[PDB]
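Okay, so we've got the same protein chain twice, two forms, each given alone as structure tokens, structure 1 and structure 2.
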Structure 1
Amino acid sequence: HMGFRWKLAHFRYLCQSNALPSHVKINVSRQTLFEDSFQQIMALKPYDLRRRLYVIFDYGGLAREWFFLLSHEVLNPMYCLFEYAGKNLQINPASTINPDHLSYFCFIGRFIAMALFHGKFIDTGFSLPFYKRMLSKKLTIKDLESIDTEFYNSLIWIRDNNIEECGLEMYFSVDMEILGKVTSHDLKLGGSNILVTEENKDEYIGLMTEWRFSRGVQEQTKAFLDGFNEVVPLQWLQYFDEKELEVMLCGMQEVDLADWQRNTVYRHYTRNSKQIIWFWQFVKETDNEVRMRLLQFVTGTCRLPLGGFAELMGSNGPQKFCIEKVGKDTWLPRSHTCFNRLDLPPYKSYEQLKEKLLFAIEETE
């Protein structure tokens, strides 16, 4: 958003002026691709990855074929490093089964950073809240909605219903059981011994939210970030937001508007609603950068499934792009990425709708 083309130009100049002379050769096989890349990369010092890359299985299309293939294999549930933990991806908290998991996550972060450094695209992709963690950005309760609907619904219920008439007795500590461990966690020092009360709702909600992102995955995330930071230091991503970081890694595809429009569903709206006529008119005029940022804001990603918009998936299964009327023309638009849902208030004119979309697309998360 805003000056994004300026943002990446500055980044490409950063990598280019930090490059190193000479090269590193990487020998790999087709069927053993991820064991071999692991051993050849991890044997090299991190700044050696800033040199020219030579992958013998053009002399730069081999590199792209490496970054695509290895991208699929490292995020492939086989070494048990990643768990979908949605439905039909993210770090698996049961990766401790692998005694060397922390070594594999170091490699994965180094590899993701090589892709950015060398301006190559990966065909895998983490969630927006993961990219916010890479950018040291505050994680919100809406990010919670994107990872864990049912955990989100419970915290919302505590937030605006008094839990005294409910009989809720809660404390500032949460268990978690991974591989039959049952590990307690004190949200603060001595937290298991403080009752959650109507005065301290806000904090508890905030601590519970922050704890949910890194449950069973702190060590793994710390290793990923340490390895990444060794190749491309994280402070070079300083001007970017999570939506821009995703595009930089995944690349841009152009959206098929006929395919989008015929696979959209409506709640308390129709194709004959003027707010829908205006909406489809808005996306016909804007850039395709705006279209992709709008797919991000609504579905949670810029990537489109194999099949097009008909195949869109959300939480409990198939979930097509959806628009729903809420509130009044004074409200701002908002979204629920788990449901691929846009909450579009009933604005009064085309211009008001265009101004309020573009604000939500470009300025809010």
Structure 2
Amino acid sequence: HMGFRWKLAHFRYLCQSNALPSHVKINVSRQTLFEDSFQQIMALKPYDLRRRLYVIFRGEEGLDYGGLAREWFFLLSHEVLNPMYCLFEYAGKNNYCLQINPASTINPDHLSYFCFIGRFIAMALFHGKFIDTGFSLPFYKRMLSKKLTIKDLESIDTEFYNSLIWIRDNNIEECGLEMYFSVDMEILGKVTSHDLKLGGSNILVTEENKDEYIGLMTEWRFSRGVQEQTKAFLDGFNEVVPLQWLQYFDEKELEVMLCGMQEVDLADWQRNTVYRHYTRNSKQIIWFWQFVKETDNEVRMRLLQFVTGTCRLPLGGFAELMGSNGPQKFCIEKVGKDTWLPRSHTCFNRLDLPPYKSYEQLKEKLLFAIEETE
């Protein structure tokens, strides 16, 4: 968003100064890639991954170049991320980035594999290698130890989000009663209970606490069924790249560091945008497009994650954007008044754009929302 270039160079320098001598060799077959990569990497010390890397596919091919590193991180990235291994699964369907599968527990060694994946993604970052990862912004928030907001919820469970929203800005009734600081959970035949805090199953939710309740229910919704997995992943990543080295980045910057910056096709974007209470002839829309045309590609990318929840576009361009209902094109809807700030609903690839009075005001308001979002 701003001094991102500086933060990036700073990270690069940090990795360079921490580089370790000698090297590590990785011998894997083009179709046993996942399993052998796992065995070899886990048999090495985590700091060994900070040494030079020599990946020799014993599909016993070419001669030389970190093009194989790039291919490896690319390939393995799709294998580890492939839901066929039961570690990760897909989000809002038939879409694409991914989520830690609560049922990974089937594999009794899933935690060993999550540690491996964490080491591998930290390794990619340490060597400035890009991966086709599908991690969500909130997962990145977790990596950075940034508290999840109720907005983050909106992009994961619209139903859960709607109930917590009501509980928030609204006093308990005509729809509300007794709720406690516990959750009476999922997957297992027991009919049991989980406390959100010490003795929580006995603490009634009131019109004074409810704010902590909301906080605790949000975090629980994100890590439910995946706490162990998440911890295993972060511990592995941390041994290779200390999470502290990332403290200056926000979740949107972290995503870009892993997938890489890409150019946005403005014509594809414009012809595949839909509108609500706005038209291509609305002055606000004419200004919106003039604004996207004028700014940096980095601003464009931040705007995409603000609205869609990611900087990555599916194969096929904007015409293929998906929601949790199937087709969900980029949408701009008019709301509130010119004094409001723009807002978004990533689950719907929707931007709420107040009817501003001038280009300058639109520009100023969008930029603030795009960068200052937190």
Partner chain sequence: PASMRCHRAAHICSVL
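Numbers follow structure 1, counted from its first residue as 1. Throughout, rigid core stands for the largest set of C-alpha atoms superposing within 1.5 Å between the two forms.
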**Asked** Of these two, which one is the form solved without its partner chain?
**Response** 2
**Fill in**
The residue to pick from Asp100, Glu169, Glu254, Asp287, given a Cα shift of 2 Å or more between structures 1 and 2 after core fitting, is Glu169
**Asked** For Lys201, is the CA shift between structures 1 and 2 at least 2 Å following rigid-core superposition?
**Response** yes
**Per-residue C-alpha change between structures 1 and 2, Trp157, threshold 2 Å, rigid core fit** = yes
**Message:** After core superposition, I'd like to know whether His268 moves between structures 1 and 2 (criterion: C-alpha shift of 2 angstroms or more).
**Reply:** no
**Message:** Please give the CA displacement of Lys181 between structures 1 and 2, in Å, after core superposition.
**Reply:** 5.2
**Item:** Angstrom shift of the Cα atom of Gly125 between structures 1 and 2 (superposition on rigid core)
**Value:** 2.2
**Distance moved by the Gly314 C-alpha between structures 1 and 2 (core-aligned, Å)** = 1.4
